[PDB]
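The block underneath contains the structure these notes are about, expressed in structure tokens.
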Amino acid sequence: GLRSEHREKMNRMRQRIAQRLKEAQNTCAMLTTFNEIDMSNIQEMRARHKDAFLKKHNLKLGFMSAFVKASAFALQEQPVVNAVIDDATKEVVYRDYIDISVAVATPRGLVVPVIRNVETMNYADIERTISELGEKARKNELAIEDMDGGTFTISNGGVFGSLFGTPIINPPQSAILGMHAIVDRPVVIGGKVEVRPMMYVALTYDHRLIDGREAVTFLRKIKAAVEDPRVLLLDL
Amino acid sequence: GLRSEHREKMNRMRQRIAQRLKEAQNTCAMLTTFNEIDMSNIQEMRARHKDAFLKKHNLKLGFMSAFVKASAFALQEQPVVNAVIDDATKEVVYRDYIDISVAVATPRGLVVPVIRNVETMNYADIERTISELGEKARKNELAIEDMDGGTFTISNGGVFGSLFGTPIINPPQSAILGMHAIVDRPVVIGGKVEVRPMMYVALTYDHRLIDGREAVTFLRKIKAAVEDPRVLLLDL
Amino acid sequence: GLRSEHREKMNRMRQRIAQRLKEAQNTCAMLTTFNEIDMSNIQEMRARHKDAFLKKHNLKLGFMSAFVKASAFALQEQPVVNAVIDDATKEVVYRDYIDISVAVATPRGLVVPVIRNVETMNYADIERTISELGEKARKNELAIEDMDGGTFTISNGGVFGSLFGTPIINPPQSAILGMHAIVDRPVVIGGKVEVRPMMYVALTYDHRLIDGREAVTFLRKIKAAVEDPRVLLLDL
């Protein structure tokens with residue numbers, strides 16, 4: 001055999017990132033709750049609205065916008081999940097606005113832009129902002145003010161094939177949604193086993209501020225808004 | 001868009017609750033292990049003993065009592081899981097008695113009464129105590145001595161539709177059982193795919209005191225006692 | 001009812017173990033990601049190569065060696081997962097060698113020997129080392145130098161029937177693989193529901209050093225190497 005232990009020194013900013021990551025766990029009391037979403041409806045919608053959508057808006061219709069809009073609706077329903085707890089003053093600051101940070105992928109790494117005031121956006125606007133920030137961040141010119149102060153987060157581990165896992169809360173928030181890969185699985189529809197494209201979804205919430213019942217109902221609201229997008233119009 | 005950050009100050013007791021919650025994680029070394037329970041037998045039992053049980057005892061036959069009794073049996077089998085570790089004296093205090101705290105739901109919130117000395121109770125007694133405490137706590141007159149000093153806990157996230165998640169240990173204990181919603185899922189019975197009502201069950205245990213093998217065997221014991229209630233009579 | 005709280009004092013070494021266990025969580029930023037592995041191929045291989053393998057090597061062909069070799073291949077593919085982070089000097093020490101610690105079961109308890117330089121071993125060598133250490137540790141004569149300094153770990157909760165759970169990183173490492181019990185489950189093969197022997201696999205990684213994408217790809221690499229062992233020969 002052989003032995004060798006070459007090494008590299010940790011730079012300043014990576015050390016800062018590690019310290020911040022540990023502070024995130026040492027500040028919040030994190031727990032996770034899982035659920036499954038039937039992705040048939042979104043796939044069926046996009047597989048026929050993609051062509052006309054591409055012609056109209058010069059954009060590709062992914063399913064990220066549906067999740068972003070559903071999460072925005074769920075947050076609007078339950079303000080507490082949109083709030084954050086500040087220990088420096090012993091105050092639970094609420095927020096009337098809602099902006100969401102979505103992770104984008106670059107060969108150099110992954111970064112998290114922010115979508116400002118998502119409550120007034122359609123699917124087209126969300127997709128356009130996502131594409132604009134994904135091409136703007138592909139080149140390194142992404143400034144701090146486009147990454148600062150998200151209230152809620154959506155993490156994408158699905159594109160790499162994970163089944164389900166526990167994400168970690170980005171410091172200045174109270175929750176994070178972690179999506180995962182879509183897999184064909186057998187499910188029971190109307191008392192009969194059937195094959196559908198399903199995906200597990202995991203939510204991590206700060207148990208100090210958000211009760212377990214609140215987190216579970218919030219996740220079920222996201223599920224309801226993603227399975228049948230027409231729920232968004234009914235304000236149901 | 002618009003921005004507004006109205007806020008509310010955290011009261012004394014909620015701050016104390018948050019501090020206690022963080023102390024719970026900073027004291028124990030928590031891990032989780034999951035399993036699945038086939039709920040066919042309990043449903044079939046209650047769907048035909050409900051009427052005569054209601055006439056005899058003036059009570060509704062839920063499946064909470066079955067889980068409470070099965071957990072009591074499992075705890076009696078493995079004393080270590082019923083013990084707690086005291087850092088203030090460096091002693092692992094065992095307990096010959098067994099009392100279990102079960103979470104009840106109220107519109108104002110959720111609270112956790114205690115069932116004293118569950119080892120000598122039938123299903124009828126457990127159901128009667130649960131109903132009595134659920135109606136007594138519906139009105140606010142629930143005193144401290146009815147909530148102090150549980151050795152083991154059963155958490156109910158199922159009624160809200162969660163699939164599975166990781167609960168957090170109530171401070172003065174070594175484990176907690178978290179039930180979840182019952183869903184019809186395809187399973188393999190005798191080499192053939194079949195549809196049954198299943199439910200995921202999660203156990204969180206303090207890894208300092210309880211070994212992984214012990215936790216897994218304890219969870220399997222609960223599964224065995226809940227799938228086939230006649231195991232309780234055999235002392236098997 | 002009755003009450004009694006006899007107790008036993010925690011000895012020195014068990015207290016040290018608990019302190020080390022808590023230090024493990026307070027040092028690393030741990031997260032978990034899960035996946036499922038189709039175990040048909042390994043079962044089919046061993047169910048017909050077992051007899052000739054037993055005659056040739058006087059050994060029983062388990063599936064532990066396949067997992068050990070697949071994990072070694074995955075580690076060799078991604079050096080960062082094999083590295084560890086040292087806070088005492090602010091350096092990320094890499095390792096050109098690879099040794100793996102595998103948990104063995106004894107009636108007195110469970111212990112974790114080490115397999116040195118697994119990158120140059122076949123299935124036969126890994127099985128022989130596992131058997132030798134399992135019989136050597138059955139008797140208490142297992143020295144420290146046979147347990148010190150593993151770079152990666154494989155934990156066995158399957159033999160006790162667990163479905164899936166979150167293991168805890170052994171201090172001087174950056175990841176741990178936790179296997180679980182094999183269960184027959186319905187899966188979709190070529191658009192049609194089918195019954196196969198499956199098993200959930202969980203990876204716990206230190207989020208300070210290993211990115212989520214890296215962990216997910218590493219787990220998928222293990223899955224690819226275990227489902228089709230011929231991937232090992234192709235260096236694919």
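Residues are named by chain letter and number: chains run A, B, ... in the order of the structure tokens, numbers start at 1 in each chain, and ligands are numbered from 1 in the order shown.
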Can you pull out the residues contacting residue 90 (chain A)? Cut-off 7 Å, using only C-alpha atoms, and skip same-chain residues under 3 positions away; I want them as a list in words.
residues 86 and 87 of chain A; 9 and 10 of chain B
Can you spit out the residues from that selection as a short mmCIF file (atom, residue, chain, number, x, y, z; two decimals), in the first residue's frame, using N, CA and C atoms?
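Listed below is the output, again_7.cif:
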```
data_model
loop_
_atom_site.label_atom_id
_atom_site.label_comp_id
_atom_site.auth_asym_id
_atom_site.auth_seq_id
_atom_site.Cartn_x
_atom_site.Cartn_y
_atom_site.Cartn_z
N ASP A 86 -36.04 37.45 15.60
CA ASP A 86 -34.80 38.20 15.82
C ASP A 86 -34.45 38.09 17.30
N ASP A 87 -33.34 37.40 17.59
CA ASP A 87 -32.89 37.27 18.97
C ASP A 87 -32.24 38.55 19.49
N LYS B 9 -43.75 41.74 19.89
CA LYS B 9 -42.69 41.36 20.81
C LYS B 9 -42.95 39.98 21.40
N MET B 10 -41.89 39.19 21.53
CA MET B 10 -42.03 37.85 22.09
C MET B 10 -42.25 37.93 23.58
#
```
Could you please write out, as a PyMOL selection string, every residue of region 4-235 of chain C that DSSP assigns to strand (DSSP E or B)?
chain C and resi 7-9+30-38+84-86+91-93+100-102+104-106+109-111+114-115+152-156+164-165+175-179+183-189+192-206
Return as JSON lines the residues of chain B lying at most 8 Å from chain C, together with the closest atom-to-atom pair for each and the distance in Å to one decimal, counting only C-alpha atoms, with rows in chain order and ascending residue number.
```
{"residue": "B:28", "atom": "CA", "partner": "C:22", "partner_atom": "CA", "distance": 7.8}
{"residue": "B:29", "atom": "CA", "partner": "C:22", "partner_atom": "CA", "distance": 6.0}
{"residue": "B:31", "atom": "CA", "partner": "C:166", "partner_atom": "CA", "distance": 6.2}
{"residue": "B:32", "atom": "CA", "partner": "C:165", "partner_atom": "CA", "distance": 5.6}
{"residue": "B:33", "atom": "CA", "partner": "C:165", "partner_atom": "CA", "distance": 4.1}
{"residue": "B:34", "atom": "CA", "partner": "C:164", "partner_atom": "CA", "distance": 5.5}
{"residue": "B:35", "atom": "CA", "partner": "C:163", "partner_atom": "CA", "distance": 5.2}
{"residue": "B:36", "atom": "CA", "partner": "C:163", "partner_atom": "CA", "distance": 7.7}
{"residue": "B:90", "atom": "CA", "partner": "C:10", "partner_atom": "CA", "distance": 5.8}
{"residue": "B:91", "atom": "CA", "partner": "C:9", "partner_atom": "CA", "distance": 4.4}
{"residue": "B:92", "atom": "CA", "partner": "C:8", "partner_atom": "CA", "distance": 5.6}
{"residue": "B:93", "atom": "CA", "partner": "C:7", "partner_atom": "CA", "distance": 4.3}
{"residue": "B:94", "atom": "CA", "partner": "C:7", "partner_atom": "CA", "distance": 5.2}
{"residue": "B:95", "atom": "CA", "partner": "C:5", "partner_atom": "CA", "distance": 4.7}
{"residue": "B:96", "atom": "CA", "partner": "C:4", "partner_atom": "CA", "distance": 5.3}
{"residue": "B:97", "atom": "CA", "partner": "C:3", "partner_atom": "CA", "distance": 5.6}
{"residue": "B:117", "atom": "CA", "partner": "C:1", "partner_atom": "CA", "distance": 6.4}
{"residue": "B:186", "atom": "CA", "partner": "C:186", "partner_atom": "CA", "distance": 7.0}
{"residue": "B:187", "atom": "CA", "partner": "C:185", "partner_atom": "CA", "distance": 6.2}
{"residue": "B:188", "atom": "CA", "partner": "C:185", "partner_atom": "CA", "distance": 5.9}
{"residue": "B:191", "atom": "CA", "partner": "C:195", "partner_atom": "CA", "distance": 7.7}
{"residue": "B:192", "atom": "CA", "partner": "C:195", "partner_atom": "CA", "distance": 7.6}
{"residue": "B:193", "atom": "CA", "partner": "C:186", "partner_atom": "CA", "distance": 6.5}
{"residue": "B:208", "atom": "CA", "partner": "C:18", "partner_atom": "CA", "distance": 5.1}
{"residue": "B:209", "atom": "CA", "partner": "C:18", "partner_atom": "CA", "distance": 7.9}
{"residue": "B:212", "atom": "CA", "partner": "C:157", "partner_atom": "CA", "distance": 7.5}
{"residue": "B:213", "atom": "CA", "partner": "C:160", "partner_atom": "CA", "distance": 6.7}
{"residue": "B:216", "atom": "CA", "partner": "C:162", "partner_atom": "CA", "distance": 5.8}
{"residue": "B:217", "atom": "CA", "partner": "C:160", "partner_atom": "CA", "distance": 6.6}
{"residue": "B:220", "atom": "CA", "partner": "C:161", "partner_atom": "CA", "distance": 7.3}
```
Spatial neighbours of region 55-71 of chain A, max dist 10 Å, only C-alpha atoms, sep filter under 3 positions, as a VMD selection string
chain A and resid 39 42 to 43 45 to 47 49 to 52 74 to 77 100 to 102 115 118 to 131 152 to 154 156 177 179 218 to 219 221 to 227 229 231 to 232
Could the residues in this selection be written to a file with C-alpha atoms, as a tab-separated table (two decimals), in the first residue's frame?
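Writing done, so here's part.tsv:
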```tsv
chain	number	residue	atom	x	y	z
A	39	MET	CA	-46.71	15.71	-10.78
A	42	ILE	CA	-47.97	20.07	-14.34
A	43	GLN	CA	-46.32	17.70	-16.82
A	45	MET	CA	-50.00	21.21	-18.83
A	46	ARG	CA	-46.49	22.03	-20.02
A	47	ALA	CA	-46.30	19.19	-22.56
A	49	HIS	CA	-48.62	24.67	-23.64
A	50	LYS	CA	-44.85	24.62	-24.20
A	51	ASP	CA	-44.91	25.39	-27.93
A	52	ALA	CA	-47.32	28.33	-27.80
A	74	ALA	CA	-49.01	29.15	0.74
A	75	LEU	CA	-46.88	31.83	2.40
A	76	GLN	CA	-49.56	34.45	1.77
A	77	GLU	CA	-52.08	32.11	3.40
A	100	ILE	CA	-38.27	34.05	-2.63
A	101	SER	CA	-34.71	32.88	-3.21
A	102	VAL	CA	-34.25	30.14	-5.83
A	115	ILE	CA	-37.19	37.08	-6.71
A	118	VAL	CA	-43.53	37.32	-6.03
A	119	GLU	CA	-47.13	37.87	-4.88
A	120	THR	CA	-47.92	39.94	-8.01
A	121	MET	CA	-46.36	37.62	-10.62
A	122	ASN	CA	-47.78	35.16	-13.12
A	123	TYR	CA	-46.00	32.05	-14.35
A	124	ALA	CA	-44.57	34.02	-17.28
A	125	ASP	CA	-43.03	36.71	-15.07
A	126	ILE	CA	-41.49	34.16	-12.71
A	127	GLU	CA	-40.03	32.18	-15.61
A	128	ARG	CA	-38.65	35.36	-17.20
A	129	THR	CA	-36.99	36.47	-13.96
A	130	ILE	CA	-35.55	32.99	-13.41
A	131	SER	CA	-34.10	32.87	-16.93
A	152	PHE	CA	-38.24	31.91	1.84
A	153	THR	CA	-36.14	29.48	-0.17
A	154	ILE	CA	-36.61	26.68	-2.69
A	156	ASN	CA	-33.16	22.09	-6.10
A	177	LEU	CA	-38.44	23.92	0.70
A	179	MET	CA	-37.57	19.52	-4.03
A	218	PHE	CA	-48.33	24.72	4.96
A	219	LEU	CA	-46.80	21.73	3.18
A	221	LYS	CA	-51.21	23.77	1.00
A	222	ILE	CA	-48.20	23.69	-1.33
A	223	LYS	CA	-49.20	20.18	-2.40
A	224	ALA	CA	-52.76	21.32	-3.10
A	225	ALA	CA	-51.57	24.32	-5.12
A	226	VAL	CA	-49.12	22.26	-7.20
A	227	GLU	CA	-51.32	19.23	-7.93
A	229	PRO	CA	-53.00	24.80	-10.37
A	231	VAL	CA	-56.65	26.33	-6.91
A	232	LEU	CA	-54.60	29.50	-7.37
```
Enumerate as an MDAnalysis selection string all residues of region 7-220 of chain C assigned to helix (DSSP H, G or I) by DSSP on the backbone, naming them with the chain letters and numbers the document uses.
chainID C and resid 12:27 40:57 64:77 79:82 118:120 123:138 144:146 158:160 212:220
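Interatomic distance, CA of residue 80 (chain B) to CA of residue 30 (chain B): 15.9 Å.
If you measure from each of B:234, B:142, B:81, B:13 to residue 203 (chain B) using only C-alpha atoms, the closest one turns out to be B:81.
Closest approach to residue 205 (chain C) from the set C:149, C:16, C:82, C:181 is made by C:82, with distances taken over only C-alpha atoms.
When only C-alpha atoms are used to compute distances to residue 138 (chain C), the closest of the residues C:151, C:171, C:40, C:104 turns out to be C:104.
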Option closest in space to residue 198 (chain B), from B:27, B:41, B:107, B:211 [counting only C-alpha atoms]:
B:41
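For the atom pair formed by CA of residue 143 (chain B) and CA of residue 72 (chain B), the distance is 24.2 Å, given to one decimal.
What separates CA of residue 174 (chain C) from CA of residue 103 (chain C) is a distance of 16.9 Å.
Each of B:202, B:215, B:37, B:175 was checked against residue 83 (chain B) using only C-alpha atoms; the smallest atom-to-atom distance is that of B:175.
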